[PDB]
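Asker: Enclosed are the sequence and the experimentally obtained structure.
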Amino acid sequence: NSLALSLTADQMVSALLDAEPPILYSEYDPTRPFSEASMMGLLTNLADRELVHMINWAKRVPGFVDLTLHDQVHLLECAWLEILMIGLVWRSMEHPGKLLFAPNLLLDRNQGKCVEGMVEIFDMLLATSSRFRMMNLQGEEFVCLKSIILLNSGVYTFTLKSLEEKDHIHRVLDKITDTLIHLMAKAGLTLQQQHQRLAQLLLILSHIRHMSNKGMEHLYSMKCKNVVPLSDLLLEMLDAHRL
Amino acid sequence: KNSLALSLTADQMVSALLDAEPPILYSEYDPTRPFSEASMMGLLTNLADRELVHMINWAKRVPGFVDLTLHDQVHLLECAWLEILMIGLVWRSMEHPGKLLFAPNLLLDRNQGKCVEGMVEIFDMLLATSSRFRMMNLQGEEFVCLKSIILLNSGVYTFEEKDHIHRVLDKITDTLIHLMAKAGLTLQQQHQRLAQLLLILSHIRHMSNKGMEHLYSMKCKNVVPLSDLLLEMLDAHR
Amino acid sequence: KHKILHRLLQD
Amino acid sequence: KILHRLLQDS
C-alpha cells in the first residue's frame, strides 16, 4: 500500500509545492573579468549545488520513495539535466530574451554566446521559456511537469518483480495527469481546452529531452577539454549517460 | 492564408492520415543469414534511404503540412525524420515480441544487433517501445496521429506560421481524444491515455538523438556507404 | 542552398 | 556512486 495513489488532486499540488527546492545563488562577480571557462565554471558550480537539492526534492515526490534504491538512481541519472533545464526555463519565464541561471546571473544570448556550442542550447532554452510565457504556465502545472520528467524519463531504459515497480510508476504518472486536468478545470477551461493544454504541455517535454541530450553531449566534450572544472557528482551523472 | 486542415472533422482527419500511410518496403534478398558489421548496416541504411523518399510524400499528404513554406517544411523533416522512421519501425514490430521488423524479409532479434557495436543499445530502446505500444494496445488510428504530431512538433521550437502548426497540433489532439472516446474510454481514461502516448514521444526523441550520434560515427568511419540524401539529413543536426 | 530535400518536396 | 548514498542518507 502506497501513499501516492491515495492522494487527492489538491493534496498532490500541496505536496509538490512544499517540496520545491530553493533558488540558489551564483558566485558571479561583476568586477571579476569573464572567460569562456569562467562563465561555465559558474554554471557547473551552480548545477552541482542544485543537484544536492534535487536529490532531496525527489525524495519528497509522491511514489519516488516507494521505488527501489537502484530504480531511484536510474531515474535521476537520466532526468537530472532535464529537471535543471526546466527549472531554469521556469525561472527565466518573466525575463524575455534572458536566462536566469541565478538571481545574480541573468544572461542574454550574446553573453551566453561566449561559449561555443552553448549558443544552440541557449536559444532552445529561450524558446522554451517563450512557449511557457505564451501559454502562461502556472506554478501548479510546472511542479507537475517536473515530477513527470522525473518518473517518465527513465522507465523505458530499466523480472516480474521489476515490472511490478514499473507498473506502479505509471499509476503515479496517471495521478499527475489527473492533477493537471483538475488544475485546468478550475481555470475555467472547457473539456476540449483541457485536453489541448495537456497535450501542449507534454509535447514541450519532448523538446526538453532534446535539449538535455544535446546538453549532455556538450557537457561530455567539456570533460575531455578538461578546462572547466566538474564536480565528482556531476562527473558521475555524465558517465551514466555515455555508459 | 487560411488552410483546409482546420476545417476537417475528426473522422476526416483519421481518413486523410490513413490514406497517406507510406508503403512497407523490402530489403535485399541475399540468404546469407550470418551478418557482418558492414552487411547489416548496409542493408539498414539502404532501406532508410528508400523509406525516406516515401516519407517526404507522406509529409506533403499530412493535413496542414502543405500550408507551410518550403523552408518550414524542410526544417520539420530535417529534425523529425529519424523519429518518424523509428516510430514506424516500432509500430511494425508490435506483433513480433523481442524482434524488430525492419522489413517483412528482415526480422531481427537483439542478438543480431551485436554485430554492430553501439547498435545493441538503440536496439533495446526500440524493443522497449514496441512492448509499451503492445501493452498499451496501440491502434493504427492512434499511431498515424502520433507520427504526424512528431512531424509538426519536433522542430517547432527551433524556428504566425508557428501558430498554424500549433493549431494543427491541437486538431490532432482533438482527433486523438475523439478516437479514444469512440473506443468507449471514460473521460479519466481519455486524458490518461493521451498523456501516456505523448510521453512515449519524449523517449522516441531520445532514441533519435542516440541514433543520430551513432549515424555520425559511421560517417566518420566511412565503412558503410551512406547516401547523399541520408548525409544531408544527418548534417542538419550539426 | 542546394538540398536534395528541396527537390523531393517540390516534386 | 555519490548519487547512491545521497539518496540513501537518513
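Answerer: It's in. Numbering: from 1, shown residues only, chains lettered A, B, ... in the order given.

Asker: Can you list the residue ranges for strands in chain A?
Answerer: Taking DSSP state E as the test, the strands found in chain A are A:98-102, A:105-108.

Asker: Do any residues in stretch A:141-151 lie close to chain B?
Answerer: Yes. Stretch A:141-151 lies within reach of chain B by C-beta under 8 Å from any C-beta of the partner chain, at residue A:148. (C-beta placed from N, C-alpha, C; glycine too.)

Asker: So which residues make contact with that stretch?
Answerer: Residues outside stretch A:141-151 that contact it (C-beta atoms under 8 Å, 6 or more residues apart in numbering or on different chains) are A:12-13, A:16-17, A:19-20, A:58, A:61-64, A:75-76, A:79, A:82-83, A:86-87, A:90, A:169, A:172-173, A:176, A:179-180, A:183, A:201-202, A:204-205, A:208, B:199.

Asker: how near is residue A:123 to residue A:129?
Answerer: When distance is defined by C-beta to C-beta, to the nearest Å, residue A:123 is 11 Å away from residue A:129.

Asker: burial count for residue A:33?
Answerer: Other residues lying near residue A:33 total 7 when counted by other C-beta atoms under 10 Å in any protein chain shown.

Asker: can you check residue A:163 too?
Answerer: Residues near residue A:163, counting by other C-beta under 10 Å, number 11.

Asker: Mind telling me what element residue C:1 is part of?
Answerer: Counting by DSSP states H and E, there is no helix or strand that carries residue C:1.

Asker: that older thread, so between residue A:123 and residue A:129, which is more surrounded?
Answerer: Neighbour count, other C-beta under 10 Å: between residue A:123 and residue A:129, residue A:129 has more, with 24 against 15.

Asker: right, and that one touches residue A:93 too?
Answerer: Yes. Taking C-beta atoms under 8 Å as the definition, residue A:129 is a contact partner of residue A:93 at 4.9 Å.

Asker: Nearest spatial neighbour of the closest residue to chain D within chain C, chain-adjacent residues omitted?
Answerer: Nearest residue of chain C to chain D (C-beta to the nearest C-beta) works out as residue C:5 at 42.4 Å. Distances taken as C-beta to C-beta, 6 or more residues apart in numbering or on different chains place residue B:74 nearest to residue C:5, at 5.4 Å, with adjacent residues excluded.

Asker: In chain C, mark out all the strands, start to finish.
Answerer: According to DSSP E, chain C contains no strands.

Asker: Format the strands of chain A as TSV; extra columns: distance to residue C:1 and mean neighbour count.
Answerer: Shown next, in TSV, are those (distance: least, C-beta to C-beta, whole Å; neighbours: other C-beta atoms under 10 Å in any protein chain shown):
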stretch	distance to residue C:1	mean neighbour count
strand A:98-102	30	20
strand A:105-108	29	17
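
Asker: Now render those as JSON lines, adding distance to residue C:9.
Answerer: Below are the strands of chain A laid out as JSON lines (distance: least, C-beta to C-beta, whole Å):
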{"stretch": "strand A:98-102", "distance to residue C:9": "35"}
{"stretch": "strand A:105-108", "distance to residue C:9": "35"}
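
Asker: Residue A:214: neighbour count?
Answerer: The tally of other residues near residue A:214 (other C-beta under 10 Å) stands at 16.

Asker: no no, residue A:85
Answerer: Neighbour count for residue A:85, taken as other C-beta under 10 Å: 21.

Asker: Spit out the contact partners of it.
Answerer: Applying C-beta under 8 Å, 6+ apart, we find residue A:85 in contact with A:125, A:128, A:208, A:211, A:212, A:215.

Asker: wait, the fourth one sits on residue A:128?
Answerer: Think residue A:211. Yes. Shown here, residue A:211 and residue A:128 form a contact pair, counting by C-beta under 8 Å, at 7.3 Å.

Asker: roughly how far apart are the spatially most central residue of chain A and chain D?
Answerer: Closest to where the C-alpha atoms of chain A average out (C-alpha atoms, centre = their mean) is residue A:83, at 1.3 Å. Distance, residue A:83 to chain D, by C-beta to the nearest C-beta, to the nearest Å: 13 Å.

Asker: for chain C, what spans make up the helices?
Answerer: With helices called from DSSP state H, chain C shows them at C:4-10.

Asker: what number of residues lie near the residue in it positioned nearest to chain A?
Answerer: Proximity of chain C to chain A (C-beta to the nearest C-beta) peaks at residue C:1, 18.7 Å away. Residues within reach of residue C:1, counting by other C-beta under 10 Å, total 5.

Asker: ok, residue A:176 - contacts?
Answerer: Residues near residue A:176 by C-beta under 8 Å, 6+ apart: A:12, A:144, A:147, A:148, A:151.

Asker: so how many other residues sit close to residue 4?
Answerer: Picking chain A for this. Counted with other C-beta under 10 Å, the neighbours of residue A:4 add up to 20.

Asker: my bad, the chain I had in mind was chain C
Answerer: Neighbours around residue C:4, by other C-beta under 10 Å: 17.

Asker: What separation do you get for it and chain B?
Answerer: From residue C:4 over to chain B the distance is 5 Å, taken as C-beta to the nearest C-beta.

Asker: for residue A:186, same thing?
Answerer: Relative to chain B, and taking C-beta to the nearest C-beta, residue A:186 is found at 15 Å.

Asker: next one: residue A:9
Answerer: For residue A:9, the distance to chain B - C-beta to the nearest C-beta - is 12 Å.

Asker: Spatially central residue in chain C, please.
Answerer: residue C:6 (1.6 Å).

Asker: Pull the contacting residues for it.
Answerer: Applying C-beta under 8 Å, 6+ apart, we find residue C:6 in contact with B:70, B:74.

Asker: can we see that at 10 Å?
Answerer: Residue C:6 is in contact with B:70, B:71, B:73, B:74, B:232, counting by C-beta atoms under 10 Å, 6 or more residues apart in numbering or on different chains.

Asker: same deal with residue A:17?
Answerer: Residues near residue A:17 by C-beta under 10 Å, 6+ apart: A:139, A:140, A:142, A:143.

Asker: For the residues you listed, which single residue is the most surrounded?
Answerer: Highest neighbour count within the contacts of residue A:17, by other C-beta under 10 Å: residue A:143, with 23 neighbours.

Asker: What residue in chain A comes nearest to chain C?
Answerer: Residue nearest to chain C within chain A: residue A:120 (18.7 Å; C-beta to the nearest C-beta).

Asker: Looks like that residue contacts residue A:218 (just checking).
Answerer: Yes. With contacts defined as C-beta atoms under 10 Å, residue A:120 counts as touching residue A:218 at a distance of 8.7 Å.
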